[PDB]
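Chemist: This is the structure alone, sequence omitted:
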């Protein structure tokens, strides 16, 4: 096995034994010492020797992955562990629990043990490129397993999060040490505590970040009759371009899928090594990507990538410099965004007189070349993927496909059986999903995307997301792993609950992710679901994160590219809950009160003059509604706030 | 090369109804005062004058869809309430816009189906501005004759919806014609 | 070097890509085009008004406040409110460059930014077979913008005195034709006033090491290497059609061109140039790229 891969497999399971005890190092080693697939001695050594007391007498070689696994645990992170400790949600601590005085039980861990033995016996196999599968299984299995159950520590970190960050860190460490011509890790690191602190301060990591330039305009120049079918696929397409870009990058750097920490909007974040070759490769890849985008769009989309040197000592939130490097990489990203092209680039750019046809009615774009029936090529593929997005759920990176990808690649759609056939074919494919878990078919990458399906449109943004992502919890929990887990929770919510909750609403999910919620549907349904989503968020954020949202009513068949640019408890309790219901009951009780009667009411209210108050009184008198109903309307009209509220309620009434 | 300016007022003898929102009427999303979008004027004028007969229409309003480029010779803007109508109505406390109740009868059922149409008030005045860029000195007289006929037709016809059903008759008053670009005389051009 | 201020009293549609798209401000390209074609309609001599006139992009104004677009300088702190802001009043223009503008100050300014609103007008078309025989009408949409009674647009121009007089005459003549988009449809007339703001005049009359490109420009072939040395800039694709050039309008359309946006900062000043975007036409078609710098 590749020593890097041995590192990967061992690190990923270094702290597994806790779950067995909760049903240490030695417990994990014995348990993992039972399995034909995973019986590698060095992988077992990583698990058996991840504690200092164990490393003291392990008598391992000067070049051992166990030492790297140990430093990974330390960088990622009196000691009475309660097996019944519940995991706590960070969201409270952000602006200062799961399954409220709840407590776990022993039998749950035993159940997981059975599950893990089963999936180890039948689902998992070791090979040159099977780490991703193992990581997928770990993620699916441990997502609410507490990592540290120390009573004196604020328990909010997943065992899965612990494992992933540790593996990423260790991989980084291995690359950095090997490239620095260092092999005697026992003496390079473990020799002295001062030597360990020297390595902590030694810049060994780069934080790398990526950003699409042109989100809004390219997502939003749609005018055709397939507005839903177009937009639903466009959002997915840009997202998948991001996904394929990042995956290609991770492949090139020979790094693991664990090393991705967050994706969203056009942003993505990774922890990579601080070596020269890595930087050259980053240079080459960046140039290539820019070449591809320019060969493609030339303004509409671009990728800017920026990286910053760092030592894990700051990753330990030692001086609060983790937030500083995050802000530095954000400023660096904006600097790359400013300088997008060179002199020769634009020199070619402004000199390209080409015989072209006209704009694709779907694609408000002239540069791309229509062929037949005013239809180009890339747009045509967008319509095709939209038709197959709902029924088919599996996507494959193939050399021949209907969708053009940046790295001279193509995307197609398949079934679960076709994906199994590709495993037998042993083709260079990756599986991209519709939130499909427990698959275990070849490279089963469960990518997250929420596909659920006058008009109403609601757009929402997290208000305090800039501060939450960087400052988050001040001075004591700004660990890289910890903000990662915060990101993870937010991501999983915004990509899973958005699927689940939408069940009862006549809504199609158009754009969800990062902090952007772009939903369209039926006006009444849109308003109701928006209320539902606000309440559900306030539950899941424990009232710690807030959202600002707007709903606008637009005529059908409008160009949605123009609708989008158009776009609480007060609204819920007072207007909808109080006024709307009583008005509805009254109009239920008294018929003939059509839009004529209500419209006269509207006229009476809209002209705010006292004589109009008298007129409203008389008109109410001519009705036959119960005296209490008419008197309530009259009293509401007297108050400016209550009149504005009644007006809004009745406008909703129609 | 000269431009001739034609401004005046148009009076709603029977209530007007454009309704770009539609049963609303065109307004400003701020002033909330009725306007008559000029393009509507242009469309009605063109339909009428073309129905009077073609080159002349192309000369007047411009199409450039048959490969022949001529460019519009007439610019018609929307109009607004004059200050006069606003002050009179505020003084007399008259609403600007009427809501007419309508009804429709099914046959073989004889049931009633209520309807609502928002009409501009009778008697209000709109200040309109036309601009005629005389690109050919030796044709302008002809053109104005044509524009005259167009105006004349509109005088006995309607704008907007339901015009068969009894709304949209307008009138033209206080038309004055002035030259504002170039040095071309306009003391003999006449429009009622 | 006078500046012109514009009032419309009737909404005008600008537009970027589609007729239903609406804008508040236009770039120097459109203005140069319109002024040029108005000269051609007047038929005067273009060479004088070809290679001597320097124009800024259009800029919105309010009752008594004049603004400039946001310079893309690197400020080191919040990085949220500053992103949402586009325009800065002259009062604190140099203050922002220094860094005196506070986050709450930005909040306040953005709050005052109510200088017009956007709207969609629906229009129907019965020139089709709807009236001729059995067919349906053709609704379509336009986007229009209604400036406040004391709101509109202004540009900053410089050149010789004779150039300024000619521009004065052409501007008067154009006053009555339109600008923006559906001119003939009833949008975009204007009456203008020439006002000299002492403060803005000072703003144009500074001297510094940086310089803010106020127009839509792009250096020649042989200057770009030395121009792009240290800059912060945005490229802005300019496409569009042309008027009374060749047989088929839908066949005629100037090639997509690129220029820097109007908030870029440059170290090495470059003169720009009026580029031909012409091909397969009966005359050359001019697109404008020449800078007016505010030197600070």
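Modeler: Noted; the coordinates are in hand. Numbers count the residues shown, from 1 in each chain, chains lettered A, B, ... in the order given.
Chemist: how about the helices of the stretch 551-654 of chain A, start to end?
Modeler: Listed in chain order, the helices of the stretch 551-654 of chain A (DSSP state H, counting those that start in this stretch) span residues A:560-564, A:569, A:581-589, A:595-606, A:610-622, A:627-638, A:640-653.
Chemist: Next, format those as CSV and append distance to chain B.
Modeler: Where C-beta positions appear, they are placed from N, C-alpha and C, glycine not excepted. Shown next, in CSV, are the helices of the stretch 551-654 of chain A (distance: least, CB to the nearest CB, whole Å):
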stretch, distance to chain B
helix A:560-564, 15
helix A:569, 29
helix A:581-589, 16
helix A:595-606, 6
helix A:610-622, 9
helix A:627-638, 19
helix A:640-653, 14
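Chemist: As TSV, these with mean neighbour count would be great.
Modeler: Below are these laid out as TSV (neighbours: other CB atoms under 10 Å in any protein chain shown):
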stretch	mean neighbour count
helix A:560-564	22
helix A:569	10
helix A:581-589	14
helix A:595-606	16
helix A:610-622	13
helix A:627-638	16
helix A:640-653	16
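Chemist: Which residues are in contact with residue 104?
Modeler: Defaulting to chain A. A:83-86, A:146 (CB atoms under 8 Å, 6 or more residues apart in numbering or on different chains).
Chemist: wrong one, chain B
Modeler: Contacts of residue B:104 (CB under 8 Å, 6+ apart): B:112-113, B:115.
Chemist: before we move on, what SS does it have?
Modeler: Look at residue B:104: counting by DSSP: H, G, I helix; E, B strand; the rest coil, its state is strand.
Chemist: is it in a bridge, and if so with what?
Modeler: residue B:113 (DSSP bridges).
Chemist: Show me what from chain B comes close to chain C.
Modeler: Taking CB under 8 Å from any CB of the partner chain as the contact definition, chain B meets chain C at B:1, B:3, B:5, B:20-21, B:28-30, B:37-39, B:41-43, B:47, B:61-62, B:64, B:67, B:69, B:71-72, B:74-78, B:129, B:131, B:133, B:180-181.
Chemist: go on, chain A?
Modeler: A:221, A:223, A:298-299, A:327, A:330-331, A:334-335, A:338-343, A:346-347, A:349-350, A:352-354, A:358, A:364, A:366-367, A:466, A:558-559, A:561-562.
Chemist: And the buried ones among those residues, selectable in PyMOL?
Modeler: A single PyMOL command selects the buried members of those (16 or more other CB atoms under 10 Å in any protein chain shown):
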select buried, chain A and resi 221+223+298+299+330+334+340+341+346+349+350+364+366+367+558+559+561+562
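Chemist: Quick check: residue A:127 vs chain B, distance?
Modeler: To chain B, residue A:127 is 65 Å away according to CB to the nearest CB, to the nearest Å.
Chemist: And for residue C:69?
Modeler: From residue C:69 to chain B the distance is 25 Å (CB to the nearest CB).
Chemist: who does the helix ranked longest in chain B touch, helix- and strand-wise?
Modeler: Across chain B, the longest stretch assigned as helix under DSSP state H is helix B:140-155. If you count contacts as 3 or more CB pairs under 8 Å, 6 or more residues apart in numbering or on different chains; DSSP states H and E, helix B:140-155 packs onto helix B:38-51, helix B:55-61, strand B:125-134, strand B:170-181.
Chemist: now, of these, which is deepest in the fold?
Modeler: strand B:125-134 (a mean of 21; mean count of other CB atoms under 10 Å in any protein chain shown).
Chemist: Contacts for it, please.
Modeler: Strand B:125-134 has contacts (CB under 8 Å, 6+ apart) with B:1-12, B:36, B:38, B:41, B:73-77, B:79-82, B:84-85, B:140, B:143-144, B:147, B:173, B:181-182, B:184, C:41, C:176-177, C:189.
Chemist: which residues does the residue of the stretch 351-500 of chain A found nearest chain B contact?
Modeler: Closest residue of the stretch 351-500 of chain A to chain B, CB to the nearest CB: residue A:454 (11.8 Å). By CB under 8 Å, 6+ apart, the contact list for residue A:454 reads A:523, A:553-556.
Chemist: related to what we said a few turns ago, I'd like to know which of the helices and strands packed on helix B:140-155 lies nearest to residue C:157.
Modeler: Nearest to residue C:157, of all the helices and strands packed on helix B:140-155, is strand B:170-181, at 21.0 Å by CB to CB.
Chemist: Pairing partners for that closest one, with directions?
Modeler: strand B:2-12 (antiparallel).
Chemist: Would you pull up the residue in the stretch 1-150 of chain A closest to chain C?
Modeler: Counting by CB to the nearest CB, the stretch 1-150 of chain A gets nearest chain C through residue A:95, at 16.8 Å.
Chemist: for the residue nearest to that residue when sequence neighbours are not counted, what are its contacts?
Modeler: Distance criterion CB to CB, 6 or more residues apart in numbering or on different chains; nearest residue to residue A:95, sequence neighbours excluded, is residue A:544 at 4.5 Å. By CB under 8 Å, 6+ apart, the residues touching residue A:544 are A:91-92, A:94-95.
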